[PDB]
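Below is the file data_13.pdb, which contains PDB, C-alpha atoms (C1' of nucleotides) and all ligand atoms.
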```pdb
ATOM      1  CA  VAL G  16     102.746  69.828 145.716
ATOM      2  CA  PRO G  17     100.084  72.433 144.773
ATOM      3  CA  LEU G  18      96.522  71.210 145.269
ATOM      4  CA  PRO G  19      93.371  71.826 143.204
ATOM      5  CA  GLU G  20      91.604  75.068 144.135
ATOM      6  CA  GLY G  21      88.017  75.542 142.974
ATOM      7  CA  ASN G  22      86.398  73.323 140.345
ATOM      8  CA  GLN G  23      89.753  71.633 139.682
ATOM      9  CA  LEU G  24      90.275  67.957 140.481
ATOM     10  CA  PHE G  25      92.732  65.123 139.956
ATOM     11  CA  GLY G  26      92.931  62.889 136.907
ATOM     12  CA  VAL G  27      94.691  59.914 135.362
ATOM     13  CA  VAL G  28      95.918  60.019 131.765
ATOM     14  CA  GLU G  29      94.490  57.156 129.699
ATOM     15  CA  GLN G  30      95.446  57.686 126.043
ATOM     16  CA  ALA G  31      96.994  60.435 123.935
ATOM     17  CA  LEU G  32      94.950  61.450 120.893
ATOM     18  CA  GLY G  33      97.547  63.523 119.053
ATOM     19  CA  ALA G  34      97.972  67.239 118.335
ATOM     20  CA  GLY G  35      98.201  67.992 122.051
ATOM     21  CA  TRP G  36      95.014  66.180 123.107
ATOM     22  CA  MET G  37      94.763  63.701 125.982
ATOM     23  CA  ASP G  38      91.989  61.491 127.358
ATOM     24  CA  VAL G  39      91.874  61.905 131.145
ATOM     25  CA  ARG G  40      89.816  59.979 133.700
ATOM     26  CA  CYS G  41      88.863  62.292 136.566
ATOM     27  CA  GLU G  42      87.872  61.664 140.196
ATOM     28  CA  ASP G  43      84.133  62.160 139.508
ATOM     29  CA  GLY G  44      83.902  59.034 137.348
ATOM     30  CA  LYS G  45      83.955  60.852 134.007
ATOM     31  CA  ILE G  46      86.154  60.542 130.928
ATOM     32  CA  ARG G  47      87.177  63.871 129.429
ATOM     33  CA  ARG G  48      88.836  64.826 126.142
ATOM     34  CA  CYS G  49      91.320  67.301 127.615
ATOM     35  CA  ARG G  50      93.426  69.949 125.876
ATOM     36  CA  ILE G  51      96.995  70.728 126.948
ATOM     37  CA  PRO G  52      97.870  74.447 127.120
ATOM     38  CA  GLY G  53     100.873  75.181 124.933
ATOM     39  CA  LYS G  54     102.739  77.054 127.689
ATOM     40  CA  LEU G  55     103.628  73.849 129.536
ATOM     41  CA  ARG G  56     103.312  71.634 126.473
ATOM     42  CA  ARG G  57     106.773  72.553 125.185
ATOM     43  CA  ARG G  58     108.713  71.886 128.411
ATOM     44  CA  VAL G  59     106.821  69.147 130.302
ATOM     45  CA  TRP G  60     106.450  65.704 128.744
ATOM     46  CA  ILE G  61     103.329  63.811 129.777
ATOM     47  CA  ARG G  62     102.893  60.053 129.404
ATOM     48  CA  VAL G  63      99.891  57.777 129.921
ATOM     49  CA  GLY G  64      99.170  56.998 133.563
ATOM     50  CA  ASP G  65      99.992  60.141 135.545
ATOM     51  CA  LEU G  66      98.271  62.172 138.254
ATOM     52  CA  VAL G  67      97.392  65.637 136.933
ATOM     53  CA  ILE G  68      95.135  68.590 137.738
ATOM     54  CA  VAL G  69      92.362  69.312 135.226
ATOM     55  CA  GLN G  70      90.020  72.308 135.091
ATOM     56  CA  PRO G  71      86.856  71.731 133.021
ATOM     57  CA  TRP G  72      85.947  74.225 130.330
ATOM     58  CA  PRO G  73      83.380  76.853 131.422
ATOM     59  CA  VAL G  74      80.942  75.739 128.691
ATOM     60  CA  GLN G  75      80.097  72.025 128.412
ATOM     61  CA  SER G  76      82.040  71.127 131.548
ATOM     62  CA  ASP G  77      81.495  67.375 131.163
ATOM     63  CA  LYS G  78      83.805  66.200 128.343
ATOM     64  CA  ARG G  79      86.430  68.952 127.897
ATOM     65  CA  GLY G  80      89.116  70.326 130.182
ATOM     66  CA  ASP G  81      92.591  71.804 130.462
ATOM     67  CA  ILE G  82      95.545  70.147 132.203
ATOM     68  CA  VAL G  83      97.417  72.593 134.421
ATOM     69  CA  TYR G  84      99.980  70.614 136.451
ATOM     70  CA  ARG G  85     101.688  67.200 136.541
ATOM     71  CA  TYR G  86     102.519  65.331 139.763
ATOM     72  CA  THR G  87     105.972  63.777 140.089
ATOM     73  CA  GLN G  88     106.738  60.468 141.800
ATOM     74  CA  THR G  89     107.572  62.040 145.165
ATOM     75  CA  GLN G  90     104.426  64.194 145.171
ATOM     76  CA  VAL G  91     102.107  61.300 144.295
ATOM     77  CA  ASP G  92     103.811  59.101 146.899
ATOM     78  CA  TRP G  93     103.344  61.813 149.528
ATOM     79  CA  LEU G  94      99.679  62.179 148.554
ATOM     80  CA  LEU G  95      99.134  58.414 148.762
ATOM     81  CA  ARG G  96     100.733  58.286 152.213
ATOM     82  CA  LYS G  97      98.775  61.330 153.419
ATOM     83  CA  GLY G  98      95.494  59.813 152.250
ATOM     84  CA  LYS G  99      93.957  62.589 150.147
ATOM     85  CA  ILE G 100      93.745  60.089 147.263
ATOM     86  CA  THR G 101      93.553  56.297 147.208
ATOM     87  CA  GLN G 102      95.532  53.675 145.297
ATOM     88  CA  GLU G 103      92.719  52.229 143.183
ATOM     89  CA  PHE G 104      92.065  55.574 141.482
ATOM     90  CA  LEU G 105      95.680  55.601 140.286
ATOM     91  CA  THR G 106      95.711  51.901 139.377
ATOM     92  CA  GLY G 107      92.162  51.782 137.994
TER      93      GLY G 107
ATOM     94  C1'   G U   1      16.488 107.566  90.702
ATOM     95  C1'   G U   2      14.183 102.198  91.854
ATOM     96  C1'   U U   3      12.959  96.960  89.542
ATOM     97  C1'   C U   4      13.443  93.439  85.635
ATOM     98  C1'   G U   5      15.452  91.638  80.665
ATOM     99  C1'   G U   6      19.578  91.525  77.214
ATOM    100  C1'   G U   7      24.923  92.314  75.365
ATOM    101  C1'   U U   8      29.942  93.309  76.706
ATOM    102  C1'   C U   9      34.488  94.573  79.844
ATOM    103  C1'   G U  10      36.356  93.187  84.530
ATOM    104  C1'   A U  11      39.818  93.384  90.117
ATOM    105  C1'   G U  12      39.116  89.625  93.444
ATOM    106  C1'   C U  13      37.882  84.511  95.221
ATOM    107  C1'   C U  14      37.700  78.799  94.901
ATOM    108  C1'   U U  15      39.554  73.815  92.652
ATOM    109  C1'   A U  16      42.935  71.001  89.870
ATOM    110  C1'   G U  17      47.608  70.387  87.542
ATOM    111  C1'   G U  18      52.657  72.047  86.149
ATOM    112  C1'   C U  19      57.385  75.020  87.351
ATOM    113  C1'   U U  20      60.398  77.674  91.174
ATOM    114  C1'   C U  21      62.252  80.156  96.181
ATOM    115  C1'   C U  22      62.918  80.192 101.745
ATOM    116  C1'   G U  23      63.286  77.175 106.855
ATOM    117  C1'   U U  24      64.103  72.579 109.013
ATOM    118  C1'   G U  25      65.975  67.643 108.129
ATOM    119  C1'   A U  26      67.336  61.237 109.700
ATOM    120  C1'   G U  27      71.268  59.280 106.709
ATOM    121  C1'   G U  28      75.568  59.709 103.359
ATOM    122  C1'   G U  29      80.162  62.281 100.650
ATOM    123  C1'   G U  30      84.377  64.364  99.652
ATOM    124  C1'   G U  31      87.437  69.523 100.740
ATOM    125  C1'   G U  32      90.467  72.799 104.073
ATOM    126  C1'   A U  33      93.336  73.838 108.462
ATOM    127  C1'   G U  34      95.787  71.622 113.214
ATOM    128  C1'   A U  35     100.176  68.263 114.533
ATOM    129  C1'   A U  36     103.146  65.380 121.355
ATOM    130  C1'   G U  37      97.938  59.357 117.599
ATOM    131  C1'   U U  38      98.713  55.316 114.176
ATOM    132  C1'   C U  39     100.615  51.715 109.923
ATOM    133  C1'   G U  40     104.019  51.580 106.170
ATOM    134  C1'   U U  41     108.211  54.262 102.948
ATOM    135  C1'   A U  42     105.609  55.889  97.060
ATOM    136  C1'   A U  43     108.871  60.254  95.070
ATOM    137  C1'   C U  44     113.911  63.474  94.932
ATOM    138  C1'   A U  45     120.989  60.237  93.740
ATOM    139  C1'   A U  46     120.822  54.561  89.097
ATOM    140  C1'   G U  47     116.238  56.968  95.704
ATOM    141  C1'   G U  48     118.086  51.149  95.936
ATOM    142  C1'   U U  49     112.384  47.542  90.423
ATOM    143  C1'   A U  50     114.486  54.784  86.055
ATOM    144  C1'   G U  51     110.379  58.264  86.349
ATOM    145  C1'   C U  52     106.040  60.024  83.853
ATOM    146  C1'   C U  53     101.310  60.006  79.993
ATOM    147  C1'   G U  54      96.681  57.040  77.905
ATOM    148  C1'   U U  55      93.673  52.622  78.774
ATOM    149  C1'   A U  56      92.213  48.157  81.778
ATOM    150  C1'   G U  57      92.422  44.832  86.010
ATOM    151  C1'   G U  58      93.994  44.186  91.299
ATOM    152  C1'   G U  59      95.320  45.844  96.402
ATOM    153  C1'   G U  60      94.892  48.086 104.384
ATOM    154  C1'   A U  61      97.252  52.839 102.337
ATOM    155  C1'   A U  62     100.793  55.325  99.816
ATOM    156  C1'   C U  63     100.745  51.866  95.238
ATOM    157  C1'   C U  64     101.507  47.036  91.736
ATOM    158  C1'   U U  65     100.956  44.553  86.839
ATOM    159  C1'   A U  66      99.908  44.253  81.180
ATOM    160  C1'   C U  67      99.916  46.916  75.881
ATOM    161  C1'   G U  68     101.389  51.356  73.011
ATOM    162  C1'   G U  69     104.303  56.183  73.870
ATOM    163  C1'   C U  70     107.877  60.347  75.817
ATOM    164  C1'   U U  71     113.045  61.992  78.015
ATOM    165  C1'   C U  72     111.350  66.111  81.651
ATOM    166  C1'   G U  73     116.742  58.989  82.544
ATOM    167  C1'   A U  74     122.313  57.387  85.693
ATOM    168  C1'   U U  75     126.888  54.001  84.400
ATOM    169  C1'   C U  76     130.027  50.892  81.254
ATOM    170  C1'   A U  77     131.370  48.525  76.352
ATOM    171  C1'   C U  78     130.615  48.587  71.274
ATOM    172  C1'   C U  79     128.338  50.957  66.778
ATOM    173  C1'   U U  80     126.427  55.116  63.700
ATOM    174  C1'   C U  81     126.075  60.372  62.239
ATOM    175  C1'   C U  82     128.437  65.291  62.519
ATOM    176  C1'   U U  83     131.596  69.828  63.860
TER     177        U U  83
HETATM  178 MG    MG Z   1     111.478  54.062  97.432
HETATM  179 MG    MG Z   2     111.786  53.897  92.594
HETATM  180 MG    MG Z   3      99.038  41.666  91.186
END
```
Please express the file's structure as structure tokens.
Ligand SMILES: [Mg+2]
Ligand SMILES: [Mg+2]
Ligand SMILES: [Mg+2]
Amino acid sequence: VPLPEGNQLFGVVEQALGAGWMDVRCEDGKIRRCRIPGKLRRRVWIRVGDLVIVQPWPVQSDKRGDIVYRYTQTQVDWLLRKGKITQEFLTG
RNA sequence: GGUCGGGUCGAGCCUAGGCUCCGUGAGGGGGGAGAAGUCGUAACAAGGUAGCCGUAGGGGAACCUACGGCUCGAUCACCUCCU
């Protein structure tokens, strides 16, 4: 339900790299090696192909970022119906 | 005191060669942490082919095989040597 606020933007998980590292495709047509904060790492399980919010790192904000929130099925369905995001971004 | 001649000592400077230090450096090599990637299961019980040492060959990877050695090897039957 919460939306990106600032430099944050959506993203689609592509492949997990191990040791809490994911490979997320963002809305600006860039692939980023993203790091999962440990606070939500322990309680929220993330799997390839999900809509998430990613904030790029302050330095070298082109290939690194942090994942802050995961969108459930109802939230992504509501977003698709509202029209803030399209279907081809999710499906690739 | 000037000028010239002779003998000797000499900091510095130039060239060549030989050693050595500092900065960058394409490319390559292992080491150490991390643990929400991956393929197997080598070790500990007889760990499911006992494990390990030396040498040599082979294999995605732990590993496998041959010759000589050690017990830091389990179970059953028989034998030997003691207290
Ligand atoms: Mg084994
Ligand atoms: Mg074995
Ligand atoms: Mg062979």
Give me the residues within 8 Å of residue 81 in chain G as a ChimeraX atom specification, counting only C-alpha atoms (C1' of nucleotides) and dropping any in the same chain fewer than 2 places off. /G:49-52,69-72,79,83
Selection result for the PyMOL selection byres ((chain G) within 7 of (chain U)) on this file, as number ranges by chain: G: 31-35
Output C-alpha atoms of each residue in that selection to a file, as a PDB file, in the coordinates of the input.
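Heads up, here's the output in out-v6.pdb:
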```
ATOM      1  CA  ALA G  31      96.994  60.435 123.935  1.00  0.00           C
ATOM      2  CA  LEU G  32      94.950  61.450 120.893  1.00  0.00           C
ATOM      3  CA  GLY G  33      97.547  63.523 119.053  1.00  0.00           C
ATOM      4  CA  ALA G  34      97.972  67.239 118.335  1.00  0.00           C
ATOM      5  CA  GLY G  35      98.201  67.992 122.051  1.00  0.00           C
TER       6      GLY G  35
END
```
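Reported to one decimal place, the separation of CA of residue 28 in chain G from CA of residue 55 in chain G is 16.0 Å.
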Tell me, in Å to one decimal, how far CA of residue 105 in chain G is from CA of residue 68 in chain G.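 Spanning CA of residue 105 in chain G to CA of residue 68 in chain G is a straight-line distance of 13.2 Å.
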6 Å from ligand MG 3 (chain Z) is the threshold here; counting all atoms listed in the file, which polymer residues fall inside it? Answer as JSON, numbers by chain. {"U": [58, 64, 65]}
Expanded to explicit residues, what is the PyMOL selection byres (((chain G and resi 90-104) around 8) and not hetatm) for this file, as a PyMOL selection string? chain G and resi 16+27+42+66+86-89+105-107
